[PDB]
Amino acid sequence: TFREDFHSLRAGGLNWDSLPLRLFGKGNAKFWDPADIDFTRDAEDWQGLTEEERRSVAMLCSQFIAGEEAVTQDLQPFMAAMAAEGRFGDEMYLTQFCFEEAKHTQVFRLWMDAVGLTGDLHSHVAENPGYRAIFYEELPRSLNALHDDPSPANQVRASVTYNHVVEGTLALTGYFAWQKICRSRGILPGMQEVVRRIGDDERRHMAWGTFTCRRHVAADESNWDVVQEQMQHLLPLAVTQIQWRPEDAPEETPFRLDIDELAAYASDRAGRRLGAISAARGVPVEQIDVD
């Protein structure tokens, strides 16, 4: 009762022109190893930051690494959904995606080790109601709903949560924050490289999510309503996450950052996700999903 054929033995083999398999090939060509990045200069720069600056960097790094860990775990029901859909190229892509998230977890962990952020860091994520809502609750709920029901609507809700909010709104805003922190000051060249490489990977993750939502919208435009509903539900939580300040928080945010600017940037990113997905409305599904 488990398997009756193999996609890889069908006539015509695997469709290398499919979006997931093109992304798989790009990810192989662009592979990078966290172990090759030297963090010694970052450790020196870390010592020159003020305490308030270290706290803000630790908070951003903690939000990132916990998020990379979360997606590493929470993507897995999508792999099983693609197995149920019979979509083996998408399943293959998701294996690379998931591994890439484990590798992102690794790289942040190595950076933290290098600068000495080796105590318990949960206070930087667990006290933020927006972060908790997304990464402790909404992300795993939406992705695990695919186990009992891998319907197009649930796939779109899961992809909006994972690819269009967690990645395509929050991670992108985080990369912008890192750029503001590091470029203004010429600090943390290792982290600058991390951000470049993880961002390269993220563009493929986001392309997969855009493809997933587009093909479902093309097949049944009711799924566009689902995309908008899920985004309207989640975006306020993402904005809350960005605007949160700890009890210990300085009146002046370090690095001359404007947290409300970050929130506005995030809203713009979310709008771009919606716009990309909206382009599939009225397109025949076979022109998006060659399969």
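Numbers follow the displayed sequence, beginning with 1.
(request) Compare the mean C-alpha B-factor of 35 to 43 with that of 22 to 30 as given in the PDB entry, and name the stretch with the higher value. (result) Higher mean C-alpha B-factor in the PDB entry: 35 to 43.
(message) Tell me which stretch, 183 to 191 or 166 to 174, has the higher mean Cα B-factor listed in the entry.
(response) It is 183 to 191.
(request) Going by the CA temperature factor in the entry, name the top one among 85, 91, 101, 127. (result) In this record, 85 carries the highest C-alpha B-factor of the candidates.
(request) Could you say whether, by C-alpha temperature factor, residue 213 belongs to the lowest, middle or highest third of its chain? (result) Its C-alpha B-factor, which the entry lists for residue 213, ranks in the lowest third among residues of this chain.
(request) Quick one: classify residue 196 as lowest, middle or highest third of the chain based on its Cα B-factor. (result) Middle third of the chain for residue 196's C-alpha B-factor.
(message) Can you tell me whether residue 265 has a C-alpha B-factor in the lowest, middle or highest third compared with the other modelled residues of the same chain?
(response) Within its chain, residue 265 is a lowest-third residue by C-alpha B-factor, going by the deposited values.
(request) Quick one: classify residue 81 as lowest, middle or highest third of the chain based on its Cα B-factor. (result) Tercile = highest for this residue's CA B-factor.
(message) Quick check for you: using the entry's CA B-factors within this chain, is residue 236 in the lowest, middle or highest third?
(response) Within its chain, residue 236 is a middle-third residue by C-alpha B-factor, going by the deposited values.
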